[PDB]
Structures are given as C-alpha cells and as structure tokens.
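Undergrad: First the structure, then my questions, so here it is.
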Amino acid sequence: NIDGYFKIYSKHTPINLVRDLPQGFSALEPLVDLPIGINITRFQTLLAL
Amino acid sequence: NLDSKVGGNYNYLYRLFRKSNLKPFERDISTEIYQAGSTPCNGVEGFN
C-alpha cells in the first residue's frame with residue numbers, strides 16, 4: 001500500500017510434495033495495480049468451508 | 001460569481017484542525033469529534 005495504490009505480483013508453479021515450501025527460486029512478475037485511497041492497518045483472509 | 005448567490009453557499013465545509021497532520025494525497029471521510037479532554041465528548045459543548 002504505497003502512493004495510494006495496491007501492487008499485486010503473482011507466480012504459479014506446480015509442486016510434488018505435501019510438506020512445505022520447496023527449495024527453489026522464483027520471481028514474482030507484476031500482474032495488476034489498482035488504487036486504494038485510504039490507509040490500511042489490518043487485514044484478514046477468506047477461506048472456503 | 002458562478003459559485004456565488006445572494007442567499008449564499010454554506011454547503012462548502014472544511015476542517016479547522018485535526019489530531020494529526022494529513023499525509024499527501026490522503027482523504028479523510030470520518031466526522032469524528034476530537035477528544036481534547038479525558039471526559040467523553042458525545043457531541044456536546046462539554047470539556048473542550
């Protein structure tokens with residue numbers, strides 16, 4: 001959350017293990033940028049029950 | 001003169017003062033009443 005914006009970077013990669021993040025290297029290319037004009041102090045994710 | 005009428009334009013509003021200085025390109029939409037004193041304000045002419 002800078003200069004009244006919201007920059008999103010994304011990257012998709014398949015995985016073959018069920019434990020944790022792999023021992024690899026991957027960059028996060030920009031995907032979209034859209035403006036928010038209010039300061040943000042807290043957040044929470046959403047899950048499909 | 002375009003934005004002037006004999007009746008007057010009192011719709012235009014400004015904040016005389018705030019709790020803290022505004023950051024550039026920041027918009028404040030809250031109409032909170034400043035708690036100058038420890039006592040609650042409740043929108044009355046009480047303690048400051």
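We label chains A, B, ... in the order they appear in the structure tokens, count residues from 1 in each chain, and number ligands from 1 in the order shown.
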Can you list, as a ChimeraX atom specification, every protein, DNA or RNA residue that comes within 10 Å of stretch 28-33 of chain A when you count only C-alpha atoms, leaving out same-chain residues fewer than 5 positions away?

TA: /A:5-12

Undergrad: Near chain B, which residues of chain A fall within 9 Å when you count only C-alpha atoms, and what do they look like as a list in words?

TA: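 Listing them in order of chain and number gives residues 3, 4, 37, 38 and 39 of chain A.
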
Undergrad: Write out as an MDAnalysis selection string the residues lying within 12 Å of residue B:36, counting only C-alpha atoms and excluding same-chain residues fewer than 4 positions away.

TA: chainID B and resid 17:19 32 40:41 45:48

Undergrad: Take atom CA of residue A:40 and atom CA of residue A:2 and report the distance between them in Å, one decimal.

TA: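 That distance, rounded to one decimal, is 10.4 Å.
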
Undergrad: What does the structure give for the distance between atom CA of residue B:15 and atom CA of residue B:35, in Å to one decimal?

TA: 15.1 Å

Undergrad: Could you state the separation of atom CA of residue B:13 and atom CA of residue B:38 in Å, given to one decimal place?

TA: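 If I compute the distance from atom CA of residue B:13 to atom CA of residue B:38, I get 27.2 Å.
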